[PDB]
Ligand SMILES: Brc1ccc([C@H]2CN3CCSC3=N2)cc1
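Shown below, as structure tokens, is a lone chain in the form deposited without the named molecule; questions about how it binds or moves come after it.
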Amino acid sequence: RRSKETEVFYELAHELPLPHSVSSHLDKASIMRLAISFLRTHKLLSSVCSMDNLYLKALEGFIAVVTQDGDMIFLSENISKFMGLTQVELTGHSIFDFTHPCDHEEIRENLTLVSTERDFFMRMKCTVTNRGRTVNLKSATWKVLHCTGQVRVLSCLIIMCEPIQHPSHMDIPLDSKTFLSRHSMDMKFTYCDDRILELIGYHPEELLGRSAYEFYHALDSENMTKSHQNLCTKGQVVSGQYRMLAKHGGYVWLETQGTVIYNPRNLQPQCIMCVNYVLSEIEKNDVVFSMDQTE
């Protein structure tokens, strides 16, 4: 009977790996999807292996495993923290139902096929506001997530999705070996902070108006173009490791986060703000690579 089913549904919800609290509020469709996915999940894991609150809190992102056809069969608990959307709300649904259509094709091909490794950026819906608060699903913003993992045998894609911290909104501490820069959309320097001098030897005045591409080691230029286009197309990007030519010979290793900055009043793309992570001291200090170094 209805009564008699409503009893076991509750029995099922509370024995879901969930708080009695949240377990208690599920409609029945969800209890299915969450239970199902828990078993689905449990089946992938035994295939791989043969204080979670810590792990969950050390994460700067959430974990997802997604089937070759797009179903999100598991999503780690702390995603709500990043996307607003909770584990319960999404589990068992199609990834494509929550990602920018302009990326669906891309996602599809990352879901598919013989290297197993996967690394890409994806725009996913976020309903938590910069600084705490929350919005409705219609009032969703697009959030870029950096995804890294492996495609693995029915296939699965097992990825980590990290948000890229917004330069105007920083929860997180910065050390010495980091400097800021601003660019036009073609990545020409439009600003560079005084720390660059100490870090690489350039004066901002020497960099202003100068295209970023001429300070890249050339072996890297093609690869950075990809970062640029990603940044533009999706709004944020993380570059690979790259060498930047230093004022007096040699180069430094870098990793850069870039964000397109918008005018909140006229909604124009105003500029690119870059957080540049310097990964080394100057290497091949002896070798002069470019004309600028002459100065």
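Note that residue numbering begins at 1 and tracks the sequence as displayed.
The same protein also has a form deposited with the named molecule bound, omitted here; what follows describes it.
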Contact test, all of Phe62, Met72 and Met122, partner the named molecule in the deposited complex, heavy atom 4.5 Å = no
Exactly one listed stretch (54 to 62, 23 to 31, 262 to 270, 222 to 230) reaches within 4.5 angstroms of the named molecule in the deposited complex by non-hydrogen atoms, and it is 222 to 230
Could you confirm whether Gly250 comes within 4.5 Å of the named molecule in the deposited complex, counting heavy atoms only?
-> no
Heavy atom of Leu111 within 4.5 Å of the named molecule in the deposited complex | no
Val66 near the named molecule in the deposited complex, any heavy atom under 4.5 Å?
-> no
Contact label in the deposited complex: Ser181 to the named molecule, heavy atom within 4.5 Å | yes
For the stretch 197 to 223, return the residues whose heavy atoms include at least one within 4.5 Å of the named molecule in the deposited complex, in the order they occur.
-> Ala212, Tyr216
